[PDB]
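# Fold and contact review
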Amino acid sequence: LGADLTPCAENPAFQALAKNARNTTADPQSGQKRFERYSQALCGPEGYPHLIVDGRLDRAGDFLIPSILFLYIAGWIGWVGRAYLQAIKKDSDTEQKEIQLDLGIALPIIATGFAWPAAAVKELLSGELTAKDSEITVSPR
Amino acid sequence: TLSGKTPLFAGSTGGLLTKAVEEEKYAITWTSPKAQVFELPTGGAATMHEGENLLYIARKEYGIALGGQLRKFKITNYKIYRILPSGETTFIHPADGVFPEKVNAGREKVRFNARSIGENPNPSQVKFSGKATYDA
Amino acid sequence: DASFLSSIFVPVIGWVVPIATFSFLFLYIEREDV
Amino acid sequence: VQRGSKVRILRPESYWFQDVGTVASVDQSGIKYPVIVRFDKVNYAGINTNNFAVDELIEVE
Amino acid sequence: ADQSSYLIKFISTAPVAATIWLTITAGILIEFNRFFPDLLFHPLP
Amino acid sequence: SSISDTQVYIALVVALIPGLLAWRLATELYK
Amino acid sequence: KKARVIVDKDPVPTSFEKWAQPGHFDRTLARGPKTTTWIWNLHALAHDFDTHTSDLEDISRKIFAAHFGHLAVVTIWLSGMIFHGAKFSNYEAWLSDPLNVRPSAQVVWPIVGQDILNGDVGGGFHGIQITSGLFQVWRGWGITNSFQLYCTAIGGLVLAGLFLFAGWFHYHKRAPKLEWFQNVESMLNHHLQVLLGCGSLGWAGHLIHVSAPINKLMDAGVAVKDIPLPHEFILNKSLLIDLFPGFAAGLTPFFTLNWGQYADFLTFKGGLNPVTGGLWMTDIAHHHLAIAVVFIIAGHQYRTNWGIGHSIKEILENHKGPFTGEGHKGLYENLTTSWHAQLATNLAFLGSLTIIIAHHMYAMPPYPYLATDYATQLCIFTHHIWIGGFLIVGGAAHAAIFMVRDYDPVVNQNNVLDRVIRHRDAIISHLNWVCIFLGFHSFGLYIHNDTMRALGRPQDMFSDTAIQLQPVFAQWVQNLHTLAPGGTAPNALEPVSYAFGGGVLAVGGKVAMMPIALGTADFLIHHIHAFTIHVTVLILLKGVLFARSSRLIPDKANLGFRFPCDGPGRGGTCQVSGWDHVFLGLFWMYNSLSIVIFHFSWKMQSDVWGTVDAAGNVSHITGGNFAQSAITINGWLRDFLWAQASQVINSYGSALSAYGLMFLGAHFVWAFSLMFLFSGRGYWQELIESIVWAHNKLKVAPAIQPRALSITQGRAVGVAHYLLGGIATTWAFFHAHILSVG
Amino acid sequence: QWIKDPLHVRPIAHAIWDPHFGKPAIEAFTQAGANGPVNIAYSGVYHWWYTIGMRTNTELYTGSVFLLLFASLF
Amino acid sequence: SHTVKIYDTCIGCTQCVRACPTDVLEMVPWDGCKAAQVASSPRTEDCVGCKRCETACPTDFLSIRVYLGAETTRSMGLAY
Ligand code: CLA
Ligand code: CLA
Ligand code: CLA
Ligand SMILES: CCCCCCCCCCCCCCCC(=O)OC[C@H](COP(=O)(O)OC[C@@H](O)CO)OC(=O)CCCCCCCCCCCCCCC
Ligand code: SF4
Ligand code: SF4
């Protein structure tokens, strides 16, 4: 797109960097397979692949696929932590259960965390996702 | 004015400076059942006398720290004086004759507000008036 | 040919104004009249 | 306001303003802040009790 | 074994569960980057 | 090259006027 | 009384119950968390055994067991370093060519491109070049192959497990009484004799039988495969007599005091071995023998169960004079009833000793091929300087903790401690004066020099070509040491170190050690050192002497060792505690030692280290620029910090790239410290209030209430990141620069 | 002098009169074609005064005296 | 001097009088609490402003408050 972006296959600087390619892992062809993967990206004038994050599906693997994958994993984590905190408030020793986890409570919660978007929609539509503003504390104005 | 024996210590440089002769000076008196070692508020060890003791000090807080220490020696008859350069000796602690932790009759409420603190007015309501928000 | 004014004004700004100013301000902040 | 009844604080200066507390005891001496209320949360001083008036409380049931 | 219950309550404490869980997570990431290195983007068909 | 001696002397004499007015204003602001 | 073994049987049961109870040891922590303050208090109170129990016997038992656990930690570390030298190093390739192979352990696994760090160190090996000098230590031990390193590592692991079992044993099974610990005379006798004199005598035995023969064969040019095993010098006597002919006479010249036949292997040469640049192994063995005899005799001083000897208490009772009142009367009871007074003395004098070790091990290089390994020399000097500075600060901390907790006015009455309290205004105001004086006449001369050089006035500076300040007393002491092998040490051949004088010793075409000439810049920097040391002393001594009281706050001992303030009144009383004085003294220790190690680095690179030609002239690393550049702050900034940090910034894409990364990340941590040091916790608690609101809205709120750090924890975190970042920057800078140019 | 070559002539802020300067410093700041030691101006006041029509030193002088009387007015 | 004022939410537990290092505070008779006592500050000229009384107070936000004001030799805590 912008500021002299060519495909990596057409760029002489990318093919100049591809010859002297350090091996990332123990196999000798990591440096060659790295540039063979990165050849389909767009390329700056110095030879480096520039990602395009505007949202088109030609470049969806640059940012859109990591976005959906991250949001799924982070929603899993935050949802499971929320559900565990709400699970242990009914037990009357809640502070002890935060420094010492109950595995018998936590492990079904981390197992059931694959359906966090469905559960989050079902809790948003039910109104149990949030508390009322008059029921939580605030400071003097 | 004040009768008492100076406690036994060889002197410190932490004692009382020119403010004593020019501005104000404090004294603490107490009686002891026996001669024993206490710590000065100025730093160092000193032996109190069996009988009446007198120890001139620079600040009142020195006397109340020492009187808090003398309670560990089961001594509760200590008195703190304020001495001016004119020689004017006034009796300040305990002023009433009873320690301030105990209620005594004849004491009046000083600087009592008959409201909770969240009921103080705003600063802009009291602006240019010469009063504070917490007054009265 | 007024370049000689610097050898007057720079010593005045650097010595005479600080001495007179700090002397006034010192005797003013130590004064008990006003 | 009864002993053992869940109440909510209406004192704005309090640590537990708009937060649920539990009544411990109520004094009948005609004093201004008779109701002793206990909390699960402690304040910044580490204390979880305070005296309140009847006007500073609403019952939570 | 009553001491085994004590060991399970020890493993369930916050720093020990943290070091076990983050060791497992870091090990998964390290092993994935051993076998499949250099994934700047997801490659497309 | 530059301006003359007469112009520097005249500018100093003119600068005595905001000096005197600044003295009066600073004393008035204190008063 | 008498010194006997007395031991309780099974005091504490061995059970995992209290591992499930975090904070079981304090009565306040054992209730459980209500805020996040509890979690940090579980760590700040974890080793403060006085808050655990009040009785001194249980505290002493906990200390003795924790010492065994700590020795087990150090032994695991030591045997792990020896195991990396065994399995993952080029040690055997380094023995064959010490001048051209760089020492390296720690091969790095290839995962994310970090096998760039496995650089070509030589000997057919790729790995991280090490700077701790384990290789020189092992060559001085006489170790010639990897299997001896494996046996040493396995022995270290067995010794570590034995220490760990000993700690378990003396806490749970057989715990000593309090009167066992208070036999300080018996402890001093056994330490000075067995731990030091018998240890130095056994090490003299090793140096005579194993180290000096093997190192003499290595220096003669024999290959390390042709050098016989060290037990074959004991079996076959003719090899020793072929190396050292004094072994032909046997043990009979020892007992008949005919010690002159042993002069083959017990020398007094001085100087350095011209092949290795290290000390002579015969001198080192003779040293350990003489030291062994002195410590064995010294450990017979104190009285035990047989009448003869000394009471340390009686020695202390006698030493009173006219100025000092009752003398050292109560000081025995302070050191026998308080572990903090002992930790103050042992930590301050062991930190001073560690600094002394740094100076001695640069100037008289003990190990073979240590002097021409410039990287190891710089790193072990600067390492031991930092360790010594930290331990001195810890000694001052525990002096303040003694004054707050364990000090007794009844015991310490009219003695030296009671009297130094009673004129602390005199001491502290005079130390205040010495610090202001030295700050002017050390740093203000640099400011004068910067201004004079900036104004185009080099003749008005303090330099060698202008107003001269010659360090004339240190020049005098150097001349007296150069002339000592003639008359004031007739049986020495060469001076104690070449740093005082006596010509240039070159090993491998590089300067091992040469005379360190002292001019105006050395005068200026020694007074910078005197100034920064004195300010550090001012802070730490003012913390200890005012730990209990001051004019400002008379009951400071009631508030404790570690408290933030006594509130905003009486002017403002932030940072009056003993902890806070340790806190500020940490910064000044950092400042001082940073200037110490910068002085070492630039002085040794500019005036000592470098190459020697066949003509004999020495070309140094930075070219002698210390004399004219180090007298200005601009010269330091330019020719030391800008010029020598070219190697750590130009190091991406090389094997030294981790040091560039650590250089930047240490700058990050040092800058991150200033968030904690400059701010305060009322802001942060009010910010946590809005974050806790946003959690209470979404019903994700912990029962453990989020709190900001305490005031003291804000200070501790800030100074910890300040020290971590500032020292790791100097670490990465020293490493990348000296691994390039050394 | 800056009028006839704004690209190659350094503007002058003011003169230096400093008795602390040694002779190499006095030589080092005798720059931009000046008779003595001077400071170079970096505030762009030459470009601004040249753009808005000023051409001589007398015009700058009358500007400064006008601002002296204008400050007297305030 | 500083200004120390006592609000009506006092419970009379006398902890501010005990915490005070300079004897500012005393307990007086009262009838608005169960302990029948408030704290009172007659000697605010001895007040250094260290706020140990506010540290010692158990009520939810402070039956007693210190308002820092003009500085004297006593309020600054100078022995000279
Ligand atoms: C249960 C876990 C959890 C969840 C769901 C949230 C949720 C939230 N936090 Mg968060 N927080 C947490 C833990 C959590 N927090 C912890 C432990 C800390 C202390 C480090 C913080 C510190 C924190 C700050 C400082 C801020 C938030 C903010 C927020 C909000 C915006 C999202 C965000 O910034 O996330 C990002 C949160 C972080 C990067 C903090 C670390 C998160 C950790 C790594 C996850 C905890 C994992 C948990 C312990 C696992 C439990 C599993 C269980 C089965 C045992 C959102 C309401 C922001 C806000 O108020 O926005 C309106 C904000 O400013 N939080
Ligand atoms: C032989 C050495 C020695 C010993 C036994 C002690 C022992 C003690 N000290 Mg002490 N101290 C020492 C050296 C020593 N210190 C030194 C060298 C200093 C100066 C730096 C101090 C300064 C000092 C102060 C100022 C205080 C103590 C206190 C204490 C007591 C409680 C310690 C505790 O609970 O641990 C708690 C330990 C921790 C919570 C660990 C802290 C982690 C550190 C700060 C970070 C380390 C970073 C690491 C080196 C590198 C980064 C790694 C990272 C990435 C993981 C205990 C009696 C305290 C006390 O109450 O005394 C009675 C106290 O207030 N000491
Ligand atoms: C570069 C920064 C810097 C500087 C200059 C200082 C300066 C000083 N600190 Mg320090 N300090 C610093 C950073 C610094 N600190 C930091 C970061 C901390 C935080 C931990 C501290 C914490 C700290 C403590 C805790 C202590 C000090 C102390 C001191 C004093 C040392 C003794 C003395 O008088 O020195 C001599 C003075 C100097 C070297 C300053 C420069 C003097 C110049 C060169 C000469 C004057 C120039 C000129 C004549 C003036 C011209 C004026 C012009 C307007 C006319 C001094 C005032 C100690 C102290 O007060 O003990 C007496 C002390 O106890 N400091
Ligand atoms: C702590 C570090 C020392 C810094 C202090 C230096 C400046 C301070 C001046 C001292 C003021 C008063 C001192 C106490 C006043 C005092 O008590 O005087 C009296 C004291 C002797 O007191 P007594 O006669 O009562 O002896 C009784 C003793 O048993 C103690 O009770 O004399 C000295 O200690 C003078 C020593 C001066 C200290 C300087 C010597 C330092 C040793 C240097 C050796 C290092 C190796 C050098 C190798 C070349
Ligand atoms: S709250 Fe903080 S700033 Fe204030 S006096 Fe205490 S320690 Fe100092
Ligand atoms: S601020 Fe200090 S002196 Fe004043 S009332 Fe409180 S505790 Fe007493």
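Residues numbered from 1 in each chain as written, not as in the entry; some residues may be left out. Chains lettered and ligands numbered in written order. Part of a larger assembly, values for the part shown. Heavy atoms only, no water. Residues with missing side-chain atoms left out of burial classes, pairs and counts.

By the method listed in its record, cryo-EM, this PDB entry was determined to a resolution of 2.37 Å.

## Details of the site of ligand 3
Residue and element names in this part refer to chain G. Note the cut-off: Nearness is judged by heavy atoms alone; a residue qualifies as near a molecule or strand once a single heavy atom is within 4 Å of it. Two N or O atoms count as a polar contact when they lie within 3.5 Å, although within protein this holds only if one can serve as hydrogen donor and the other as acceptor, and sequence-adjacent residues are included solely when both atoms are side-chain atoms. The helix count covers DSSP runs of H or I at least four residues long, the strand count covers runs of E at least two residues long, and both are numbered beginning at the N terminus.
What surrounds ligand 3 is a group of 14 residues, the closest being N432, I436, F440, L538 and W588. Note that a nitrogen atom of ligand 3 is positioned 3.4 Å from one of the side-chain N or O atoms of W588. Of all elements in the fold, only α18 (424-454), α20 (520-545) and α22 (578-607) reach the threshold of two or more residues within the shell around ligand 3. Counting residues per element, the shell around ligand 3 draws most heavily on α18, at 8 residues.

## Quick look at unusual backbone geometry
Across the junction of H93 of chain B and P94 of chain B, the peptide omega takes the value -5°, indicating a cis bond. With respect to the helices and strands, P94 of chain B occurs in the segment after β6 (89-93). Positive phi values are uncommon outside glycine, yet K74 of chain B reaches one of about 60°. As for its placement among the helices and strands, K74 of chain B is situated in the loop between α2 (60-70) and β5 (79-83). A positive phi angle, close to 65°, is found at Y369 of chain G, a residue other than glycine. By secondary structure assignment, the location of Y369 of chain G is in the loop between α15 (339-363) and α16 (374-406).

## A short note on helix α1 (residues 5-30) of chain F
Where we set the bar: Expected helix span is given by 1.5 Å per residue-to-residue step, counting one fewer step than there are residues. Buried means the residue's accessible area, taken with a 1.4 Å probe over protein chains only, is under 20% of the maximum for its type, while exposed means over 50%, and partly exposed covers the values in between. We call two residues in contact when some of their heavy atoms are within 4.5 Å.
Taking 1.5 Å of rise per residue, 26 residues should cover 38 Å, and α1 of chain F covers 37 Å from first to last C-alpha, within 8% of that figure. Regarding α1 of chain F, the residues found buried are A11, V14 and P18 of chain F. Structurally, α1 of chain F contributes buried residues whose contacts are with α3 (57-73) of chain H.

## A short note on the interface of chain H and chain F
For the record, the criterion: Joining two parts hides part of their accessible area as seen by a 1.4 Å probe, and the buried area is that hidden amount summed over both. Salt bridges, as used here, are contacts in which a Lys or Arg side-chain nitrogen is within 4 Å of a carboxyl oxygen on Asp or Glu. Amino acids outside the nonpolar list (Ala, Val, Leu, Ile, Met, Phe, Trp, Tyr, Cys, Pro) and the charged list (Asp, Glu, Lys, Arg) are all regarded as polar, and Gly is one of them.
Taken together, the contact between chain H and chain F spans 8 residues of the former and 11 residues of the latter. Of the roughly 790 Å² buried at the junction of chain H and chain F (both faces included), carbon and sulfur atoms supply 68%. For the pair chain H and chain F, the number of links is 0 salt bridges. Looking at the side of chain H that touches chain F residue by residue, the classes come out as 4 nonpolar, 4 polar and no charged.

## Let's talk about the packing of aromatic side chains
Convention followed: Note on aromatic pairs: the rings of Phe, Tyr and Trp (six-membered ring only in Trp) are paired at centre separations within 6.5 Å, and the planes decide the class, stacked below 30 degrees, edge-to-face beyond 60, tilted for the rest. Throughout this description, the term charge over a ring refers to an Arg CZ or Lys NZ atom that lies within 6 Å of the ring centre and within 35 degrees of the ring normal.
What the rule picks out here adds up to 69 aromatic pairs over all chains. Taken together, a centroid distance of 5.2 Å and an interplanar angle of 85° make the contact between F583 of chain G and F587 of chain G edge-to-face. You can see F583 of chain G and its partner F587 of chain G sitting in helix α22, 4 residues apart, about one turn around the helix. With a relative accessible area of 5%, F583 of chain G lands in the buried category. Relative accessible area serves as the criterion here: at 17%, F587 of chain G is assigned to the buried category. Here the aromatic residues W386, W579, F583, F587, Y590, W670 and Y722 of chain G are joined through ring pairs into a cluster of three or more. The cationic tip of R71 of chain B hangs over the ring face of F99 of chain B; the distance from NZ or CZ to the ring centre is 4.4 Å. The residue whose ring lies beneath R139 of chain G is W94 of chain G, and the NZ or CZ to ring-centre distance is 5.6 Å.

## A few points about the pattern of salt bridges
Applying the stated criterion across every chain yields a total of 46 salt bridges over all chains. Here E317 of chain G makes a salt bridge to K313 of chain G, at a shortest N to O gap of 3.9 Å. Placement of both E317 of chain G and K313 of chain G in helix α13 (residues 312-318) is noted, with a separation of 4 residues, approximately one turn of the helix. Classification of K313 of chain G as partly exposed rests on a relative accessible area of 33%. Across the pair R74 of chain I and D46 of chain I runs a salt bridge, and its minimum N-O distance is 3.8 Å. Placement of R74 of chain I in the segment after β4 (64-67) and of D46 of chain I in the loop between β3 (37-40) and α2 (52-56) is noted, with a sequence separation of 28 residues between them. A residue is classified by how much of its surface remains accessible, and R74 of chain I, at 26% relative accessible area, is partly exposed. Connected through salt bridges with shared partners, the residues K19, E24, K60 and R82 of chain B together with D46 and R74 of chain I form a single ionic network.

## What about the sheet that holds strand β1 (residues 6-7) of chain A?
Residue and element names in this part refer to chain A. The criterion, for reference: Two strands pair if DSSP finds at least two bridges between them.
Strand order in the open sheet formed by 3 strands is β1-β2-β3, and the pairing between neighbours is antiparallel. The open sheet has two free edges, formed respectively by β1 and β3 (49-50), since each of these has just one partner strand. In this sheet, strand β2 (residues 42-43) lies alongside β1 in antiparallel orientation, the contact comprising 2 bridges. Its bridge partner lying in β2, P7 is registered against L42.

## Observations regarding the UniProt feature "transmembrane region" in chain A
All names here are of chain A. We apply this condition: UniProt positions are given in the numbering used here, feature names are shortened, and annotations may be inferred rather than shown by experiment.
Mapped onto this numbering, the UniProt entry gives "transmembrane region" at residues 60-80 and 101-121. The span residues 60-80 is 100% helical and 0% strand by assignment, and the distance between its end C-alpha atoms comes to 29 Å. Taken end to end, residues 101-121 is 71% helix and 0% strand, and its first and last C-alpha atoms sit 27 Å apart.

## A short note on a nonpolar patch on the surface
The following threshold applies: Surface patches are drawn from residues lacking salt bridges whose relative accessible area is over 30%; two like charges belong together within 9 Å, two nonpolar side chains (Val, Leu, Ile, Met, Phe, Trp, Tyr) within 5 Å. Only the protein chains shown count as covering a residue, and every accessible area follows the Shrake-Rupley method with a 1.4 Å probe.
Residues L103, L107 and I110 of chain A together with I8, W21 and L22 of chain E make up a contiguous nonpolar surface patch of roughly 580 Å² in combined accessible area. At the level of elements, α5 (103-111) of chain A together with α2 (14-35) of chain E are the ones that each hand at least two residues to the nonpolar patch. Per-element accounting of the nonpolar patch gives the leading share, 3 residues, to α5 of chain A. For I110 of chain A, the location among the structural elements is in helix α5. By relative accessible area, which is 30% here, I110 of chain A ends up partly exposed.

## Some thoughts on the interface of chain I and chain B
Across the boundary between the two partners, chain I contributes 39 residues, which contact 34 residues of chain B. A combined buried area of about 3,000 Å² lies between chain I and chain B, and 56% of that area is made up of carbon and sulfur atoms. When the area that chain I buries against chain B is broken down by residue, the three leading residues are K5, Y7 and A79 of chain I, summing to 19%. At the boundary of chain I with chain B, the tally comes to 4 salt bridges. Between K60 of chain B and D46 of chain I there is a salt bridge, with the nearest N and O atoms lying 2.5 Å from each other. Run the count over chain I and chain B and you get 18 residue pairs in polar contact. Looking at the side of chain I that touches chain B, the elements with two or more residues in it are β1 (3-6), α1 (15-19), β2 (26-29), β3 and β4 of chain I. The class makeup of the residues in the side of chain I that touches chain B is 20 nonpolar, 10 polar and 9 charged.

## Remarks on the sheet that holds strand β2 (residues 104-105) of chain G
Strand pairing within a sheet occurs via backbone hydrogen bonds; the two strands may be parallel or antiparallel. Residues and elements named next belong to chain G. Pairing in this open sheet of 3 strands is antiparallel, and the strands run β2-β4-β3 from one edge to the other. Pairing within the sheet leaves two strands with one partner each, and these edge strands are β2 and β3 (119-120). Here β3 pairs with strand β4 (residues 126-129) via 2 bridges, running antiparallel. When the sheet's bridge partners are listed, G119 is paired in β4 with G127.

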